[PDB]
């Protein structure tokens, strides 16, 4: 009965901002590291931004450093992705994914984020973010 659900997808003007949210039902999201991955038209899945279960560690793809901000609320069972200064290059389907990090590894979530999300336990169906002059 475990479900991950993204929300916040829409159509925004280049330079605009948009906030995504990932909510879980059926389990406690706070035990899990969360990663935002995206697939743009034509390209393969890439890690946008990731965060550890407690929120102490984060990682960002170079493409979005200084523009995106990931955060979470383990009381409300959510993880958010704040997107500022949006560019057409950001147009894609954005997925939320959750993975339990076993004890005995480094504190970093960098390798969690740089590998296209292969092996991530749980996945949402994804939400569409489109940046265009058509907005």
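Positions refer to the first chain, counted from 1.
- In this crystal structure, the stretch out of 70 to 78 and 41 to 49 whose C-alpha atoms carry the higher mean B factor is 41 to 49.
- Ranked by C-alpha B-factor against the other modelled residues of its chain, residue 98 falls in the lowest third.
- When the modelled residues of the chain are ordered by C-alpha B-factor, residue 59 sits in the middle third.
- Sorting the modelled residues of the chain by their CA temperature factor places residue 124 in the lowest third.
- When the modelled residues of the chain are ordered by their C-alpha B factor, residue 85 lands in the middle third.
- Residue 1 sits in the highest third of its chain by CA B factor, as recorded in the PDB entry.
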